[PDB]
Amino acid sequence: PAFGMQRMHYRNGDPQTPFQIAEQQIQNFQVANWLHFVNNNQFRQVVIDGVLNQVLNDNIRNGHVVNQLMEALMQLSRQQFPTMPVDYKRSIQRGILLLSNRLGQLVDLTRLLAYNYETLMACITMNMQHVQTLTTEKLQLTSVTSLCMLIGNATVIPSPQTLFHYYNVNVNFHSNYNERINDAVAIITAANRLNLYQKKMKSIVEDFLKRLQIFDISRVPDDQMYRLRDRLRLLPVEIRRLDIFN
Amino acid sequence: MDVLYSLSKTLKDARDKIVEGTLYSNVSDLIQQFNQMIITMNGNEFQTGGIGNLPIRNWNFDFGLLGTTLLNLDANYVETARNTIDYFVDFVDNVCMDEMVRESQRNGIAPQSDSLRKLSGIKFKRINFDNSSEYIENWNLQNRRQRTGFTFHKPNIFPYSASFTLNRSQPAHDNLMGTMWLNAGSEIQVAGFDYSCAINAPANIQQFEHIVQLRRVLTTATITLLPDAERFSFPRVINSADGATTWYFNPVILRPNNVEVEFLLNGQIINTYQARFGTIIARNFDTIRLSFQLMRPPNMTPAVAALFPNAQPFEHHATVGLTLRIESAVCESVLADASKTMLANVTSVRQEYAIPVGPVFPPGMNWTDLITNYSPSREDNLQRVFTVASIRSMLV
Amino acid sequence: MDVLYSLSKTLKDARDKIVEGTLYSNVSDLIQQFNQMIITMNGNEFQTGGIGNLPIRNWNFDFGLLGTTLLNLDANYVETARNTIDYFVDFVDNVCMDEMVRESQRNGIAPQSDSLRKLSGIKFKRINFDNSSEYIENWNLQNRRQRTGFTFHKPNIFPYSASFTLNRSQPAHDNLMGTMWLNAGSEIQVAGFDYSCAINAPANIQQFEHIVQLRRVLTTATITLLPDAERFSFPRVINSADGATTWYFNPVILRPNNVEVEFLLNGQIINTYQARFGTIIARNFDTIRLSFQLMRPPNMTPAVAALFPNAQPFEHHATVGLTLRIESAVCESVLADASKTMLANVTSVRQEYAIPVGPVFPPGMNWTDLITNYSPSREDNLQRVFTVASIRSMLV
Amino acid sequence: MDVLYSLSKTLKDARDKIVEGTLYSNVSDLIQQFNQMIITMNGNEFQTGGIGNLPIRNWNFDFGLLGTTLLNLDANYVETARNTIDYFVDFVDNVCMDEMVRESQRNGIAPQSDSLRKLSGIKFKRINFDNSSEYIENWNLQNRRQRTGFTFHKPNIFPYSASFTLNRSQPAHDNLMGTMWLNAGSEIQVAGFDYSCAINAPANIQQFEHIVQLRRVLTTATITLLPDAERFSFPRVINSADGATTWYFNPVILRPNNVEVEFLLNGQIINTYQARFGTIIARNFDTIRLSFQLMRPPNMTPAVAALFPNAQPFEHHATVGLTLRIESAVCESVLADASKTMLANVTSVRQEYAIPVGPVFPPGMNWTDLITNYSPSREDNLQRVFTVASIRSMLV
Amino acid sequence: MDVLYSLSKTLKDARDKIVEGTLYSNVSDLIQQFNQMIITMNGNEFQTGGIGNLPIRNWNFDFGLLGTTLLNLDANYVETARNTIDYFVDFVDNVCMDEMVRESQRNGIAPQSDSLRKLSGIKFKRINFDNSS
Ligand SMILES: [Cl-]
Ligand SMILES: [Zn+2]
Ligand SMILES: [Zn+2]
Ligand SMILES: [Zn+2]
Ligand SMILES: [Zn+2]
């Protein structure tokens with residue numbers, strides 16, 4: 001509406017997102033460049049100390065890209081909105097300026113969020129695998145508005161004790177996960193090599209999932225249980241347990 | 001054609017008017033027209049070339065509109081518009097070249113290239129806007145069958161022909177009477193020569209006539225008529241009519257006598273000029289009749305009387321002349337002329353890409369051959385290619 | 001240059017469109033552009049310098065904006081606009097004159113006058129609007145390094161030179177063989193003469209060749225080629241090559257034999273025409289090679305055989321000719337032509353104010369000397385002054 | 001060109017800077033530029049090579065980006081980047097080859113290949129970054145039309161020419177006087193010989209002149225001038241002017257007298273050096289005029305007197321000589337030179353893939369023909385291909 | 001000399017690196033150096049002398065800072081930077097020419113032209129950066 005363009009008739013399932021189409025369809029450099037960044041700002045993958053990590057663009061980390069955002073939406077405050085009622089147009093432009101005039105605060109907020117993310121990601125021990133989950137975390141955009149419009153200039157960073165506690169919890173969970181995998185694999189392999197054909201690996205897998213402390217085993221689909229059984233069967237036994245079994 | 005011309009005109013206006021620092025009020029309508037062009041052309045695939053050495057080129061149009069709000073144009077606006085205009089100008093140039101190198105015996109006025117045929121669909125009519133050029137204006141008028149007029153400075157209306165007619169001749173070619181002419185471009189030189197200087201002619205007057213049939217009717221024509229034909233006024237060794245031998249011509253120029261220039265239309269005398277030299281006007285004509293007499297001077301000084309003896313040999317041959325130059329004219333049909341470059345443009349495009357000789361135009365677009373046999377199909381194809389050439393010249 | 005052209009264009013539009021009784025909707029955008037020009041120029045002091053006899057003139061701008069209240073323009077509005085437009089037109093004309101009378105060897109394409117140098121500042125970019133003239137279009141294209149093009153009618157591309165070359169000569173000048181040519185403006189007349197009429201030629205053929213090297217590459221050129229050279233077809237008394245004596249030329253015109261007109265670019269044959277006369281197209285060339293031959297007629301009537309004996313004296317000298325006129329052409333560099341008045345304007349301005357000879361142009365603004373040594377510096381300065389001349393002629 | 005150069009520069013910097021163990025602060029900006037290049041090229045289809053034997057290659061980009069938070073790069077990071085670098089290097093090399101093998105008479109400076117033409121789209125301008133090479137800097141300045149030049153060591157400015165001119169000669173070629181020269185690369189060797197040793201010359205001085213016209217203006221040139229032409233200092237058997245016979249040359253070298261070297265620009269004397277040998281500076285010139293003299297030794301020892309008798313036969317022929325080597329120069333136009341490999345690269349690419357001869361460059365990319373007819377169109381195309389060749393050599 | 005070289009190097013880097021479409025990360029340090037040069041040179045009067053036929057030229061510096069806050073440099077940025085760079089390059093070239101035509105028997109290693117002597121003051125040392133040639 002700001003640029004007088006015909007409203008996009010976006011078709012769901014399109015390989016392009018609405019912003020990816022708008023980037024090509026909008027000629028203004030400020031808005032087009034901001035749209036390009038938004039389109040291409042996915043997580044980057046990097047292995048640090050053997051742990052996969054989802055890292056941000058360096059422009060997010062330093063908060064410089066917010067300037068571009070400001071630029072883009074500053075242009076939106078100057079646009080004509082050809083066929084829009086002038087009162088509604090004024091309200092939109094003044095809201096755009098409300099967000100625009102907090103450029104310094106938003107740069108600070110972006111840098112703070114990125115720094116907190118990096119610092120707390122340093123304390124992650126298991127690979128940060130990116131998958132689209134079944135259920136999501138609902139984020140109210142009113143909360144985003146609150147954060148954007150209320151953030152001041154007081155830096156808050158994770159306490160050293162908070163970082164150590166987070167790292168310890170991650171390490172404990174990872175170690176327990178590996179130890180319970182080892183126990184399940186050892187018991188399954190022992191039952192198979194002992195020729196305990198009536199032994200049910202379903203109970204072993206259920207015990208393994210229970211000892212992970214975060215699974216309500218009553219709600220695990222059967223296909224996933226059997227897939228877990230198979231994947232556990234394919235693993236090799238840990239050296240100490242295997243030697244004791246020998 | 002109108003859609004192609006509108007594309008070219010919009011691009012020319014965008015180049016000329018979308019400049020850094022200019023007020024947006026100067027281009028608001030132009031920006032709307034440019035955006036309409038973008039909308040109409042978006043999502044269309046075009047192909048050009050494939051004839052002769054003209055390369056095959058594919059064009060896909062996916063461009064955003066210009067909708068930025070400004071008081072004065074800045075570098076960003078100009079650069080974006082420049083990128084879009086560059087792509088569109090390349091496309092239009094290639095389409096024009098593709099259409100210029102094509103012809104058809106039937107419906108040669110209709111588009112030949114598939115790109116222009118696609119552009120002739122109804123969905124593209126939105127691109128159409130101001131059609132102010134002479135060639136596009138004539139195209140639209142002829143589509144409406146209103147009278148069309150192309151104004152030519154020195155029209156190329158006469159095919160080249162340097163010929164002669166011997167009304168009296170013999171194997172020795174020593175006592176000849178006849179006319180020799182050059183009809184080239186807009187110029188007609190004619191010279192009637194008598195070797196005997198009308199010694200034995202009735203009333204000592206010899207009569208010469210030159211009839212030149214124009215291939216198309218010329219209107220509002222400005223002509224310059226001059227007594228002497230300087231081309232046929234010096235000694236000359238001319239080939240025989242059949243080339244078997246060569247004869248000698250040794251002019252001594254006498255002023256033409258009883259000069260009548262008749263400009264005829266359908267054999268009817270539209271304009272007549274008697275002993276009038278200088279600038280004359282022929283308002284509507286398709287034939288020129290130059291009739292002039294060689295009159296033996298009744299009174300001669302001894303030097304003059306020495307040149308013309310009673311009998312042979314005739315060492316000096318009396319010659320009267322006429323020069324006729326069409327400075328300007330108006331023709332309903334297209335023609336080459338000295339001020340325009342459409343024939344040159346089409347010929348250059350066809351020669352550069354080694355276009356094979358087609359079924360309409362003569363090889364190499366030889367203008368003399370074209371105008372000698374300026375058939376209606378040739379006229380239609382020539383008008384089409386000339387309009388496309390002007391459209392291209394607006395940009396390239 | 002673009003700002004100066006924009007000023008001149010705005011003033012021309014104001015003169016043409018601000019007329020009594022006209023609707024304001026017919027001038028709304030024009031009034032806005034004129035007021036933008038007023039705002040931009042207001043508060044600036046300019047000086048047009050005193051080179052030569054040009055008076056030193058000081059210009060101050062403190063003009064109020066044009067009104068926007070009248071539905072239809074009236075006499076009072078037109079008179080106020082006339083006063084403002086008259087002052088601005090005087091300023092623009094004086095600036096154009098001050099620029100035309102200046103030249104530089106180092107940077108000739110850059111502005112030379114302090115007024116145009118001041119107008120090249122960023123603050124004046126607001127004045128810039130539609131650049132639709134051919135000269136300003138070419139200026140903008142050149143600034144961007146794009147293919148430029150100037151269309152000339154009868155381009156003045158050949159420096160004047162009436163010369164001859166005697167391939168065979170002797171002190172008494174009675175048995176001569178050679179060529180004489182005139183290369184003037186768009187015209188080349190050449191004539192190869194043999195006094196012996198190729199009696200002792202290896203095959204009764206005498207080959208003549210004329211090579212004319214154009215100072216700039218010409219494209220899309222329409223050229224009229226005619227057999228005879230009327231200029232070298234009458235008796236002449238010609239100074240010897242050293243001016244020590246004079247020789248007698250008594251031409252008898254024979255038809256040129258095996259005429260090959262070649263249009264060459266970088267020594268490569270771009271176009272070739274064999275025995276073709278009339279209108280031809282040279283699409284892209286920088287050299288013209290005209291090859292013709294004097295062929296002794298194998299068969300002669302008694303008079304023709306009487307002209308050409310087997311040995312000296314040779315009283316009638318065989319001559320073949322060629323005429324080549326460039327009716328129209330396209331050149332990337334500026335040139336003088338028969339239609340545009342840019343060279344005349346620049347020369348008139350220089351002569352009127354007695355501008356001292358500079359380091360670039362010949363000391364008369366003489367076109368022959370200029371086109372002879374058409375250096376890149378000369379080309380840049382000529383383009384600058386011609387563009388300014390067109391800008392001035394928009395008003396004056 | 002700027003986008004292609006930016007691709008090549010980004011890949012070169014990726015090879016150089018993305019190394020195992022390097023601090024991420026050393027490559028943060030480089031990694032950002034590399035990721036931008038990946039982002040811009042992703043989802044785009046390219047096609048290169050349909051000319052000569054250059055095979056059709058299709059390029060698709062779906063590469064992942066690089067990490068941005070680690071402290072020191074490790075072998076894993078380099079391994080991840082290497083495959084992308086290899087694919088992009090191959091793509092850029094093929095694009096450069098495709099562009100190097102193309103030319104156009106109309107717009108030689110514009111991209112010719114489909115791939116480089118697509119890379120001229122606005123969306124790829126984001127890939128553009130530091131343009132610091134000499135050729136790309138000159139490209140950008142010349143696009144803006146700013147005074148810029150290339151620096152050459154031993155510029156290849158003189159087309160090969162081994163010739164002689166005989167001012168005095170006769171069928172037996174026993175008493176000759178004239179000059180013989182070799183013009184090759186940056187070297188001029190000239191030698192004026194007199195068989196009589198100026199016995200009958202006024203003041204016993206014989207004057208020789210050599211004028212060499214450069215096809216482009218050289219500036220800030222360092223020249224080495226030496227008083228002997230070792231090329232024409234030994235006995236030779238030389239073909240006559242028309243090849244009818246052969247003549248004998250038996251030089252005896254006398255030092256040149258009154259040596260004057262004039263470096264001229266548009267006929268204006270810019271630099272003059274009299275009796276100066278060694279290093280001289282020619283600041284700005286397009287013509288070299290070497291004037292030297294042979295003077296008879298007024299006093300001769302018995303052997304020297306025996307060399308030069310009073311009359312024929314002349315068995316020893318007195319020769320003076322000059323050698324002029326352009327060590328380095330600056331030229332606004334591209335030239336081949338002893339240091340760069342641009343001409344070699346373009347020629348190698350064209351030969352390896354049997355590129356059909358185009359309408360701009362001489363077949364085989366012959367440098368003598370190229371510099372003999374160094375037209376503006378040839379200059380445009382040569383600058384384009386040379387810039388592409390430098391871009392390619394950045395990687396290949 | 002080091003300050004003059006730094007001016008020339010900054011201008012060369014600005015011409016090479018400040019190109020339309022380039023990421024601002026490619027020029028962040030360059031833009032900081034350019035703004036430092038602008039701040040240092042602003043408010044200073046320079047005069048390149050009339051020795052020989054070399055014209056007397058007066059140089060005044062009042063330029064605004066190059067902008068930050070662009071993700072990718074656009075055409076307006078490049079145009080403004082080009083205007084400033086053109087003026088600075090002309091000044092630097094004239095100063096270099098003025099210095100090249102002067103000599104002294106003693107203290108010939110020191111700057112000879114008034115412009116380079118002024119540039120040798122302490123207040124211009126801020127302009128100094130990478131000396132790699
Ligand atoms: Cl005319
Ligand atoms: Zn006959
Ligand atoms: Zn005319
Ligand atoms: Zn003579
Ligand atoms: Zn010889």
# chains A, B, ... in the order shown; residues from 1 in each chain; ligands from 1
$ residues_around --residues "range 113-119 of chain C" --least-positions-apart "5" --cutoff "7 Å" --atoms "only C-alpha atoms" --output "VMD selection string"
chain C and resid 3 46 to 48 95 98 to 99 124
$ write_last_selection --atoms "N, CA and C atoms" --output "PDB file, in the first residue's frame"
ATOM      1  N   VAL C   3      22.514  21.292 -16.928  1.00  0.00           N
ATOM      2  CA  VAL C   3      21.813  22.343 -16.197  1.00  0.00           C
ATOM      3  C   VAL C   3      21.570  23.550 -17.094  1.00  0.00           C
ATOM      4  N   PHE C  46      26.449  35.589 -10.734  1.00  0.00           N
ATOM      5  CA  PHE C  46      27.172  35.019 -11.859  1.00  0.00           C
ATOM      6  C   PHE C  46      27.898  36.122 -12.614  1.00  0.00           C
ATOM      7  N   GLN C  47      28.962  35.738 -13.314  1.00  0.00           N
ATOM      8  CA  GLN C  47      29.686  36.662 -14.173  1.00  0.00           C
ATOM      9  C   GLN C  47      30.021  35.978 -15.485  1.00  0.00           C
ATOM     10  N   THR C  48      29.689  36.639 -16.588  1.00  0.00           N
ATOM     11  CA  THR C  48      30.120  36.224 -17.914  1.00  0.00           C
ATOM     12  C   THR C  48      31.288  37.105 -18.330  1.00  0.00           C
ATOM     13  N   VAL C  95      25.713  33.334 -21.099  1.00  0.00           N
ATOM     14  CA  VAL C  95      26.492  32.189 -20.634  1.00  0.00           C
ATOM     15  C   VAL C  95      26.893  31.309 -21.810  1.00  0.00           C
ATOM     16  N   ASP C  98      29.659  33.020 -23.725  1.00  0.00           N
ATOM     17  CA  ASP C  98      30.911  32.950 -22.981  1.00  0.00           C
ATOM     18  C   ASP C  98      31.527  31.563 -23.057  1.00  0.00           C
ATOM     19  N   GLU C  99      30.698  30.522 -23.112  1.00  0.00           N
ATOM     20  CA  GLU C  99      31.227  29.167 -23.224  1.00  0.00           C
ATOM     21  C   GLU C  99      31.700  28.858 -24.641  1.00  0.00           C
ATOM     22  N   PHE C 124      22.674  23.124  -8.165  1.00  0.00           N
ATOM     23  CA  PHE C 124      21.899  23.441  -9.355  1.00  0.00           C
ATOM     24  C   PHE C 124      21.286  22.217 -10.019  1.00  0.00           C
TER      25      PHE C 124
END
$ interface_residues --of "chain E" --to "chain D" --cutoff "8 Å" --atoms "only C-alpha atoms" --output "list in words"
residues 13, 16, 17, 18, 19, 20, 21, 22, 23, 25, 26 and 72 of chain E
$ residues_around --residues "residue 11 in chain A" --least-positions-apart "6" --cutoff "12 Å" --atoms "only C-alpha atoms" --output "number ranges by chain"
A: 17-18, 21
$ residues_around --residues "range 342-353 of chain C" --least-positions-apart "4" --cutoff "8 Å" --atoms "only C-alpha atoms" --output "PyMOL selection string"
chain C and resi 52-54+97+100-101+336+364-365+385-386+389-390
$ write_last_selection --atoms "N, CA, C and O atoms" --output "compact mmCIF listing (two decimals), in the first residue's frame"
# COMPACT_ATOMS: atom_id res chain seq x y z
N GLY C 52 37.89 38.43 -25.47
CA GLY C 52 37.60 39.14 -26.70
C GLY C 52 36.85 40.42 -26.42
O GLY C 52 37.11 41.12 -25.44
N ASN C 53 35.89 40.74 -27.29
CA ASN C 53 35.07 41.93 -27.14
C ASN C 53 33.77 41.67 -26.39
O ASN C 53 32.95 42.58 -26.28
N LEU C 54 33.56 40.46 -25.89
CA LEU C 54 32.38 40.18 -25.09
C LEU C 54 32.39 41.06 -23.84
O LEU C 54 33.38 41.02 -23.09
N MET C 97 27.25 32.17 -24.95
CA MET C 97 28.27 32.85 -25.72
C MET C 97 29.63 32.76 -25.03
O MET C 97 30.64 32.45 -25.67
N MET C 100 30.99 29.36 -25.66
CA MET C 100 31.33 29.03 -27.04
C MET C 100 32.68 29.60 -27.45
O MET C 100 33.33 29.05 -28.34
N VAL C 101 33.11 30.69 -26.82
CA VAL C 101 34.29 31.42 -27.27
C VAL C 101 35.53 30.93 -26.54
O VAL C 101 36.58 31.58 -26.59
N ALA C 336 29.98 19.32 -39.18
CA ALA C 336 29.16 20.31 -39.86
C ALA C 336 28.38 19.63 -40.97
O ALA C 336 28.87 18.70 -41.62
N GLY C 364 40.46 30.74 -37.87
CA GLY C 364 39.30 31.37 -38.47
C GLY C 364 38.02 30.65 -38.12
O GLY C 364 36.95 30.97 -38.65
N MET C 365 38.11 29.66 -37.23
CA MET C 365 37.09 28.63 -37.11
C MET C 365 36.84 27.96 -38.46
O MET C 365 35.72 27.54 -38.76
N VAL C 385 31.21 23.11 -27.79
CA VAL C 385 30.73 24.37 -28.34
C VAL C 385 29.48 24.16 -29.18
O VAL C 385 28.59 25.01 -29.19
N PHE C 386 29.38 23.02 -29.88
CA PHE C 386 28.18 22.75 -30.67
C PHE C 386 26.98 22.49 -29.77
O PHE C 386 25.86 22.93 -30.08
N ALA C 389 25.91 25.76 -28.59
CA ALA C 389 25.28 26.49 -29.67
C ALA C 389 23.84 26.05 -29.87
O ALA C 389 22.96 26.88 -30.11
N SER C 390 23.58 24.74 -29.80
CA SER C 390 22.20 24.27 -29.88
C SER C 390 21.38 24.79 -28.71
O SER C 390 20.22 25.20 -28.88
$ residues_near_ligand --ligand "ligand 4" --cutoff "9 Å" --atoms "only C-alpha atoms and all ligand atoms" --output "ChimeraX atom specification"
/C:165-166,169-173,176,238-247
$ write_last_selection --atoms "N, CA and C atoms" --output "tab-separated table (two decimals), in the first residue's frame"
chain	number	residue	atom	x	y	z
C	165	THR	N	46.93	13.93	-59.63
C	165	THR	CA	48.11	13.07	-59.59
C	165	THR	C	48.39	12.58	-61.00
C	166	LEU	N	49.62	12.80	-61.47
C	166	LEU	CA	50.03	12.38	-62.81
C	166	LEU	C	50.89	11.13	-62.67
C	169	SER	N	53.80	11.52	-66.83
C	169	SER	CA	53.93	12.93	-67.14
C	169	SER	C	55.27	13.17	-67.82
C	170	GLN	N	55.40	14.36	-68.40
C	170	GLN	CA	56.59	14.77	-69.11
C	170	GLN	C	56.65	16.29	-69.10
C	171	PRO	N	57.82	16.88	-69.34
C	171	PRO	CA	57.92	18.35	-69.24
C	171	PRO	C	56.95	19.09	-70.14
C	172	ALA	N	56.64	18.56	-71.32
C	172	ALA	CA	55.77	19.24	-72.26
C	172	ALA	C	54.29	18.96	-72.03
C	173	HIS	N	53.96	18.01	-71.16
C	173	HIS	CA	52.57	17.73	-70.77
C	173	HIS	C	51.67	17.52	-71.98
C	176	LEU	N	49.92	12.58	-71.01
C	176	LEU	CA	49.69	12.50	-69.57
C	176	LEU	C	48.73	11.37	-69.24
C	238	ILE	N	45.74	23.99	-66.42
C	238	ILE	CA	46.03	23.58	-65.05
C	238	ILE	C	47.49	23.86	-64.76
C	239	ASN	N	47.75	24.50	-63.62
C	239	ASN	CA	49.12	24.71	-63.19
C	239	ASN	C	49.82	23.37	-62.98
C	240	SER	N	51.11	23.34	-63.30
C	240	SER	CA	51.89	22.13	-63.06
C	240	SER	C	52.01	21.88	-61.56
C	241	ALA	N	52.42	20.66	-61.22
C	241	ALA	CA	52.50	20.27	-59.81
C	241	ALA	C	53.37	21.22	-59.01
C	242	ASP	N	54.39	21.80	-59.63
C	242	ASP	CA	55.29	22.73	-58.97
C	242	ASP	C	54.98	24.18	-59.28
C	243	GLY	N	53.97	24.45	-60.10
C	243	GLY	CA	53.66	25.81	-60.49
C	243	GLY	C	54.62	26.42	-61.47
C	244	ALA	N	55.51	25.63	-62.07
C	244	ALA	CA	56.48	26.17	-63.01
C	244	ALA	C	55.86	26.51	-64.35
C	245	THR	N	54.82	25.79	-64.76
C	245	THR	CA	54.19	26.01	-66.05
C	245	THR	C	52.73	25.61	-65.96
C	246	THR	N	52.06	25.56	-67.11
C	246	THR	CA	50.66	25.16	-67.20
C	246	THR	C	50.50	24.15	-68.32
C	247	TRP	N	49.56	23.23	-68.14
C	247	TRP	CA	49.25	22.22	-69.14
C	247	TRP	C	47.78	22.28	-69.51
$ residues_around --residues "range 79-94 of chain B" --least-positions-apart "6" --cutoff "8 Å" --atoms "only C-alpha atoms" --output "MDAnalysis selection string"
(chainID A and resid 27) or (chainID B and resid 4 7:8 11 14:15 18 48:49 59 63 66 392 395:396) or (chainID D and resid 121:122) or (chainID E and resid 75)
$ atom_distance --atom1 "CA of residue 182 in chain C" --atom2 "CA of residue 232 in chain C"
9.2 Å
$ interface_residues --of "chain D" --to "chain C" --cutoff "9 Å" --atoms "only C-alpha atoms" --output "VMD selection string"
chain D and resid 106 to 107 109 to 110 142 to 145 147 266 to 267 360 372 to 375
$ write_last_selection --atoms "N, CA, C and O atoms" --output "short mmCIF file (atom, residue, chain, number, x, y, z; two decimals), in the first residue's frame"
data_model
loop_
_atom_site.label_atom_id
_atom_site.label_comp_id
_atom_site.auth_asym_id
_atom_site.auth_seq_id
_atom_site.Cartn_x
_atom_site.Cartn_y
_atom_site.Cartn_z
N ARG D 106 28.99 -2.46 -32.51
CA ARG D 106 28.15 -1.37 -32.01
C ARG D 106 28.58 -0.94 -30.61
O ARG D 106 29.01 0.20 -30.40
N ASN D 107 28.48 -1.85 -29.64
CA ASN D 107 28.81 -1.56 -28.24
C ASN D 107 29.83 -2.61 -27.80
O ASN D 107 29.46 -3.64 -27.23
N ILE D 109 32.11 -2.09 -25.49
CA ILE D 109 32.37 -1.96 -24.07
C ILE D 109 31.30 -2.64 -23.23
O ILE D 109 31.55 -2.97 -22.07
N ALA D 110 30.11 -2.86 -23.79
CA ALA D 110 29.04 -3.52 -23.06
C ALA D 110 29.27 -5.03 -23.02
O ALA D 110 29.95 -5.59 -23.88
N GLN D 142 36.89 5.26 -16.63
CA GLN D 142 36.53 5.46 -18.03
C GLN D 142 35.03 5.40 -18.24
O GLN D 142 34.50 6.09 -19.11
N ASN D 143 34.33 4.58 -17.45
CA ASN D 143 32.87 4.61 -17.48
C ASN D 143 32.34 5.96 -17.03
O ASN D 143 31.42 6.52 -17.63
N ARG D 144 32.92 6.51 -15.95
CA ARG D 144 32.57 7.86 -15.54
C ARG D 144 33.15 8.92 -16.47
O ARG D 144 32.80 10.10 -16.33
N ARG D 145 34.02 8.53 -17.40
CA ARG D 145 34.71 9.46 -18.29
C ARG D 145 35.58 10.42 -17.50
O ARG D 145 35.45 11.65 -17.57
N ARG D 147 39.76 11.24 -16.51
CA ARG D 147 41.11 11.07 -17.03
C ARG D 147 41.82 9.96 -16.27
O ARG D 147 42.12 10.10 -15.08
N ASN D 266 49.71 16.34 -31.98
CA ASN D 266 48.86 17.08 -32.92
C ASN D 266 49.66 18.15 -33.66
O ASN D 266 49.19 19.28 -33.85
N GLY D 267 50.88 17.81 -34.06
CA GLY D 267 51.70 18.73 -34.81
C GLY D 267 52.36 19.80 -33.98
O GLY D 267 53.03 20.67 -34.55
N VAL D 360 35.47 -7.47 -35.53
CA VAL D 360 36.19 -6.41 -34.84
C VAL D 360 37.69 -6.68 -34.81
O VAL D 360 38.49 -5.83 -35.22
N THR D 372 47.78 -1.55 -35.89
CA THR D 372 47.83 -0.76 -37.12
C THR D 372 46.51 -0.04 -37.36
O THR D 372 46.49 1.11 -37.82
N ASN D 373 45.39 -0.71 -37.07
CA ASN D 373 44.05 -0.18 -37.28
C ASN D 373 43.31 -0.07 -35.95
O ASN D 373 42.18 -0.53 -35.81
N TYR D 374 43.95 0.54 -34.96
CA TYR D 374 43.42 0.60 -33.60
C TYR D 374 42.30 1.63 -33.55
O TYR D 374 42.47 2.78 -33.16
N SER D 375 41.11 1.19 -33.97
CA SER D 375 39.95 2.06 -34.03
C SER D 375 39.28 2.17 -32.66
O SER D 375 39.55 1.38 -31.76
#
$ residues_around --residues "residue 68 in chain A" --least-positions-apart "6" --cutoff "12 Å" --atoms "only C-alpha atoms" --output "PyMOL selection string"
(chain A and resi 29-38+59-60+74-75+100+103+106-107) or (chain E and resi 23-24+68-74)
$ residues_near_ligand --ligand "ligand 3" --cutoff "10 Å" --atoms "only C-alpha atoms and all ligand atoms" --output "ChimeraX atom specification"
/B:153-154,327-328,337-339 /C:153-154,327-328,337-339
$ select_by_dssp --residues "range 57-275 of chain D" --states "strand (DSSP E)" --output "count of residues only"
85
$ closest_residue --among "A:184, A:220, A:5, A:242" --to "chain B" --atoms "only C-alpha atoms"
A:5
$ interface_residues --of "chain A" --to "chain D" --cutoff "6 Å" --atoms "only C-alpha atoms" --output "PyMOL selection string"
chain A and resi 44-46
$ write_last_selection --atoms "N, CA and C atoms" --output "PDB file, in the first residue's frame"
ATOM      1  N   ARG A  44      23.265 -19.763  10.421  1.00  0.00           N
ATOM      2  CA  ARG A  44      24.432 -20.411   9.844  1.00  0.00           C
ATOM      3  C   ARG A  44      24.890 -21.524  10.776  1.00  0.00           C
ATOM      4  N   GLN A  45      25.426 -22.591  10.198  1.00  0.00           N
ATOM      5  CA  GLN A  45      25.854 -23.751  10.968  1.00  0.00           C
ATOM      6  C   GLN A  45      27.368 -23.731  11.098  1.00  0.00           C
ATOM      7  N   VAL A  46      27.862 -23.942  12.313  1.00  0.00           N
ATOM      8  CA  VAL A  46      29.303 -24.018  12.530  1.00  0.00           C
ATOM      9  C   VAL A  46      29.570 -24.950  13.700  1.00  0.00           C
TER      10      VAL A  46
END
$ closest_residue --among "B:44, B:204, B:186, B:161" --to "ligand 1" --atoms "only C-alpha atoms and all ligand atoms"
B:186
$ atom_distance --atom1 "CA of residue 218 in chain B" --atom2 "CA of residue 223 in chain C"
22.8 Å
